[PDB]
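Chemist: Can you look at this? It's an experimental structure, sequence on top.
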Amino acid sequence: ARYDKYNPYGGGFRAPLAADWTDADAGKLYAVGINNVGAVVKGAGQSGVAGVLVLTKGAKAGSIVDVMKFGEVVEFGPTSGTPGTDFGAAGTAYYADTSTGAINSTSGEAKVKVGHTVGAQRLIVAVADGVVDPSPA
Amino acid sequence: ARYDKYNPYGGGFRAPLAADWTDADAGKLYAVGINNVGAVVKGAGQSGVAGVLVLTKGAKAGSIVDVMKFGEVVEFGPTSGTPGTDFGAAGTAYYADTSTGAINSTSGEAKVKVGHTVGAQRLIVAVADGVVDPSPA
Amino acid sequence: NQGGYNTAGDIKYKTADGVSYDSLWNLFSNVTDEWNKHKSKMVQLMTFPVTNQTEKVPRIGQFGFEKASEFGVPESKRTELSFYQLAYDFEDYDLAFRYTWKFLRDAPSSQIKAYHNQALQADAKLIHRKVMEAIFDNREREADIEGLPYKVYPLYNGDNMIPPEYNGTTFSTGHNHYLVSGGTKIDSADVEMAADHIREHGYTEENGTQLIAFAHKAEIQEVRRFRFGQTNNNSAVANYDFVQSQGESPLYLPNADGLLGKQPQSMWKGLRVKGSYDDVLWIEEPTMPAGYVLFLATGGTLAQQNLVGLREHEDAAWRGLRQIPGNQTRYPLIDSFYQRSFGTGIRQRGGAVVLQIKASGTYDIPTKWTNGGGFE
Amino acid sequence: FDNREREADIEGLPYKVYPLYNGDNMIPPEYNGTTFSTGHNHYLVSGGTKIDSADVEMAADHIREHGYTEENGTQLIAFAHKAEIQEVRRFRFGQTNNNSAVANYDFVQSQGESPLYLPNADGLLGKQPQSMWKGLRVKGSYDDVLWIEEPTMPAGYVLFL
Amino acid sequence: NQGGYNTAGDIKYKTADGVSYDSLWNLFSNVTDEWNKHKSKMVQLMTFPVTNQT
């Protein structure tokens, strides 16, 4: 995954990273939130899911990251796939597990919608306010 | 509260103010909506909650206001607090009372999520489409 | 701080007694600030612009002759070399100035000029903080330079560097310059210990150095009471006596057996000197946190170069404080940026000592100079 | 000497007129990075029946924290009644005064005071205080403050200026 | 002392992190030890050249 189109004015925000992210995560996409200190963590923090994040390289705790709320992500595939080969399905909605921050096409009541795909490799990011269904039958 | 990132093209919109806002509201943040005439009111109008608003000085009815839907608000705190001293908690979601337009950290099924905080004094505004839970169990 | 867009509604025209705010802002539009001149002077005397060198190359082995013979031939001789280097950190920092079209129409020009003068003072505060936390934060830092990792250093901090041998004294691993006094108030044994921790690495008065101590008033008012053979705090006994600088308030000499020390001159490096104990000069330093003293070597053979290296960007187009034009423009919203980037590291890991006055336990980094803590 | 705030009218607009700092809500401006709260005060009580150098030392520094220091080219003056000067002139470095306080400075008498024997042939480190200031007569100095016997001064009071 | 023939493999680089091995050896090309200057002084104040072998 990579940021294709990012808008600094309300499309995303600067925040400090809460922990080190290793080069094993380089080019993966995760959903992220804010912890009680005001720093970025994978999954929901206290904020719920705040947005999505890609790092092109590993990064240290307390370094500044740009979290995307609205924009386009290219070379996209699910968080469990290999970056740059294991691309997504076309035309389908994508959902974050609020615990790990892992994104895949499987919907679930407790998950947060992050976007949908326009062709296999391009995700239109537009993160939901909250979970898919806060009142299951 | 103050605006710090605003985008005139889909981040917010011009609308006419339905009633005078006094200097007692100067620097407070309210959730706002549109009444059946087409003017900005506190809380939901007919539109539901349309966005959030801060005025830096009081303003007359029929004056034009920039309603925010996506952006960043700095010097932030809950609407009931004193502006410029009674700041928000870091890393937490914020919710509007649809009746009064007051914003605070307490979730509730009939409330609308307006954003989340990144550190104490910055709110990332990204207003939800509707109430937190339309169908309580 | 205060932040966000400047708006109509932030503009004040006149006071209730009819003074124009343009005239009030015109006091702040052009003045230099005496406190940020002092902070800028502390950077100037405590830093050097980074240049690339090896550390001191260790000396080769030496030969010896053999007793000759009429039939045989002698045994052969050889030697080898070694060297090393040290690195420096780097980081980017930026501020914003966002306005509305009404604000730039209606606001006084003096307010815009005041905001520019305040950005230059925000830079002085940033550089000063980053130099001081290079000294006072006792933690090793990683840095990436051209995609490779490097380690950049505080003073000796109990780590696995071994200081080089000097005059036949050999140091161990675990050598340290972040010292705890072991008592609630400073005493002469703390001062003599700390100055000797520097002077064991070279840096002595015979090598032509001066030691300086920068301290807060609460510790200077203890140190200036040290007198030879008298008891201090913590039952220490002073081996010297504090001699006032020639510019201090008058004092009676206590004895026909006069003071054991030379009288300091009025100023060192344009800073006023309180006096001297041992041979170190004591300076009342208003920037210094309460429980701490910085001892520093200067001059002579070994300390011609200041303690902290400043690294700026390798291209001149990216050096200095810069204004970037910003990407909201003319109407309805206007934006503009200031950007600076630089970083720091210590080469001479033994050239200074930080002493903390506390009763027991490990060293604490001063909160105002913890590396992650802020930008002032 | 009256530590109470007063109103005044100028062109029919009301204003406040002030004493020295007196526990009111003006915050003194920052100086050498020092930051002051509300409730700052310059009407001080000694906490002892006779003056001692800890009182003199605190009062002079309570001025000098605002600027007004010898580095900025000021002089400090103390106007006092002879009952307090007869204590102050006896202060000596490292020796004990009235309320068990130890003197952080000695009192050095001016030229034209009655002569004094000193332990050392050089005797004095630094410069002896001036005999006269502004046409008034100076007793000596303590912590670089000049001390002046001031017959208008009430008994239990010192003005540092 | 190290001893033996000088061999290829006692040489260990042309350059390392941009510094040259010839420049490193050039530092030591003309040094003199202050102890060997002192020892030469002590010999000079403590000896004479023998003209007469007995």
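Modeler: Arrived safely. Numbering: from 1, shown residues only, chains lettered A, B, ... in the order given.

Chemist: Contact residues of chain C facing chain B?
Modeler: Residues of chain C that fall close to chain B, judged by CB under 8 Å from any CB of the partner chain: C:2, C:3, C:4, C:5, C:7, C:8, C:9, C:10, C:98, C:332, C:333. Every C-beta, even on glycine, is put in place using the N, C-alpha and C of the backbone.

Chemist: Write the PyMOL selection for whichever of the residues you listed are buried.
Modeler: The command below creates a PyMOL selection of those among the residues of chain C next to chain B that count as buried (16 or more other CB atoms under 10 Å in any protein chain shown):
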select buried, chain C and resi 4+5+7+9+10+98+333
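
Chemist: Of all pairs in the residues of chain C next to chain B, which one spans the longest distance?
Modeler: Taking every pair in the residues of chain C next to chain B and measuring CB to CB, the maximum separation is 21.4 Å, between C:2 and C:332.

Chemist: Single out the residue in chain A that lies closest to chain E.
Modeler: Per CB to the nearest CB, the residue of chain A with the smallest distance to chain E is residue A:57, at 23.3 Å.

Chemist: In chain C, which helix is the longest?
Modeler: As far as residue count goes, and with DSSP state H defining each element, the longest helix of chain C is helix C:109-136.

Chemist: ok so, going back, next, count neighbours for the residue of chain A closest to chain E.
Modeler: Residue neighbour count, defined by other CB atoms under 10 Å in any protein chain shown, stands at 12 for residue A:57.

Chemist: tell me the contacts of it?
Modeler: When contacts are counted by CB atoms under 8 Å, 6 or more residues apart in numbering or on different chains, residue A:57 touches A:23, A:26.

Chemist: if we can go back for a sec, what residues of the longest helix of chain C count as buried?
Modeler: Applying a neighbour-count criterion of 16+ other CB under 10 Å, the buried positions in helix C:109-136 are C:110-112, C:114-115, C:117, C:119, C:121-136.

Chemist: From the chain's centroid, how far away is it?
Modeler: Per CA atoms, centre = their mean, to the nearest Å, the displacement of helix C:109-136 from the mean C-alpha position of its chain is 17 Å.

Chemist: what does stretch C:158-169 give?
Modeler: Per CA atoms, centre = their mean, the displacement of stretch C:158-169 from the mean C-alpha position of its chain is 23 Å.

Chemist: So for that stretch, first residue to last residue, what's the gap.
Modeler: For stretch C:158-169, the first and last residues are 18 Å from each other (CA to CA, to the nearest Å).

Chemist: is that stretch anywhere near chain E?
Modeler: No. Among the residues of stretch C:158-169, none lie within reach of chain E under CB under 8 Å from any CB; the closest is 12.5 Å away.

Chemist: Contacts for that stretch next, please.
Modeler: C:56, C:58, C:140, C:153, C:156, C:171-176, C:178, C:200-202, C:349-350.

Chemist: element containing the closest residue to chain C within chain A, please.
Modeler: When distances are taken as CB to the nearest CB, chain A approaches chain C most closely through residue A:62, which lies 5.0 Å from it. Using DSSP states H and E, residue A:62 maps to neither a helix nor a strand.

Chemist: Can you report how many residues neighbour it?
Modeler: The burial metric for residue A:62, expressed as a neighbour count using other CB under 10 Å, is 13.

Chemist: Verify the stated contact: it with residue A:17.
Modeler: Yes. Taking CB atoms under 8 Å as the contact criterion, residue A:62 and residue A:17 are neighbours in contact, 6.7 Å apart.

Chemist: For chain C, list the residues in contact with chain D, please.
Modeler: Where chain C comes near chain D, counting by CB under 8 Å from any CB, the residues are C:16-17, C:35, C:38, C:221, C:224-225, C:227, C:243-244, C:246-256, C:258-259, C:263, C:272, C:286-287.

Chemist: Make a ChimeraX selection of whichever of those turn out to be buried.
Modeler: Restricted to the buried members of those, where burial is judged by 16+ other CB under 10 Å, the ChimeraX selection command reads as follows:
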select /C:35,38,221,224,225,227,243,244,247,248,249,250,251,252,253,254,259,287
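
Chemist: Among the residues of chain C next to chain D, which lie within strands?
Modeler: Taking DSSP state E as the definition of strands, those contribute C:243, C:244, C:251, C:252, C:272.

Chemist: between those, which is closest to residue C:189?
Modeler: Nearest to residue C:189 among these is residue C:243, at 18.9 Å by CB to CB.

Chemist: give the contact list for the closest one.
Modeler: Counting by CB under 8 Å, 6+ apart, residue C:243 makes contact with C:259, C:261, C:262, C:263, C:264, C:275, C:276, C:277, D:125.

Chemist: Mind jotting down where the strands sit in chain A?
Modeler: Counting by DSSP E, chain A has strands at residues A:2-6, A:12-16, A:29-34, A:40-42, A:51-54, A:64-68, A:70-74, A:93-96, A:103-104, A:112-117, A:123-126.

Chemist: Which residue lies nearest the spatial centre of chain C?
Modeler: The C-alpha lying nearest the average C-alpha coordinate of chain C belongs to residue C:132 (CA atoms, centre = their mean; 4.4 Å).

Chemist: I'd say it and residue C:369 touch.
Modeler: Yes. Using CB under 8 Å, residue C:132 and residue C:369 qualify as a contacting pair, with a distance of 5.0 Å.

Chemist: near chain E at all, stretch C:147-156?
Modeler: No. Counting by CB under 8 Å from any CB, no contacts exist between stretch C:147-156 and chain E, the nearest distance being 10.5 Å.

Chemist: Which of the residues in that stretch are classified as buried?
Modeler: Quick answer for stretch C:147-156 (16+ other CB under 10 Å): C:150, C:152, C:153, C:154, C:155, C:156.

Chemist: before we move on, the earlier item: check the ones in strands among the residues of chain C next to chain D and tell me the two furthest apart.
Modeler: Considering CB to CB, no two members of those lie farther apart than C:252 and C:272, which are separated by 22.3 Å.

Chemist: burial count for residue C:237?
Modeler: By other CB under 10 Å, the residues close to residue C:237 number 14.

Chemist: if you skip the residues just before and after it, what's nearest to it?
Modeler: Take residue C:237 and drop its neighbours on the chain: the residue closest to it by CB to CB, 6 or more residues apart in numbering or on different chains is residue C:231, 5.7 Å away.

Chemist: before we move on, what about residue C:287?
Modeler: residue C:42 (6.2 Å).

Chemist: Which residues of the stretch 101-250 of chain C lie near chain A?
Modeler: For the stretch 101-250 of chain C, the residues in contact with chain A under the definition CB under 8 Å from any CB are residue C:142.

Chemist: And the residue of the stretch 101-250 of chain C closest to chain E?
Modeler: Taking CB to the nearest CB, the stretch 101-250 of chain C has residue C:148 as its residue nearest chain E, at 10.5 Å.

Chemist: Which strand residues bridge that residue?
Modeler: On the basis of DSSP bridges, residue C:148 is bridged to residue C:145.

Chemist: measure it to residue C:55 for me?
Modeler: For residue C:148, the distance to residue C:55 (CB to CB, to the nearest Å) stands at 19 Å.

Chemist: Check residue C:40 too.
Modeler: Taken as CB to CB, the spacing of residue C:40 relative to residue C:55 amounts to 30 Å.

Chemist: higher neighbour count, those two?
Modeler: Under the neighbour definition other CB under 10 Å, residue C:40 and residue C:55 were set side by side, and residue C:40 has more, 17 against 12.

Chemist: check contacts around that one.
Modeler: C:124, C:127, C:128.

Chemist: tally of neighbours for residue 31?
Modeler: You didn't say which chain, so I picked chain A. 28.

Chemist: that answer is for a different chain, and I need it for chain C
Modeler: Summarising burial for residue C:31: neighbours were counted as other CB under 10 Å, giving 10.

Chemist: element containing it, please.
Modeler: Residue C:31 is part of no helix or strand, with elements assigned from DSSP H and E.

Chemist: Residue C:25 versus the nearest residue to it once chain neighbours are set aside, what's the distance?
Modeler: On the basis of CB to CB, 6+ apart, the spatially nearest residue to residue C:31 that is not a chain neighbour turns out to be residue C:117, at 7.3 Å. In this view, residue C:117 and residue C:25 are 10 Å apart by CB to CB.
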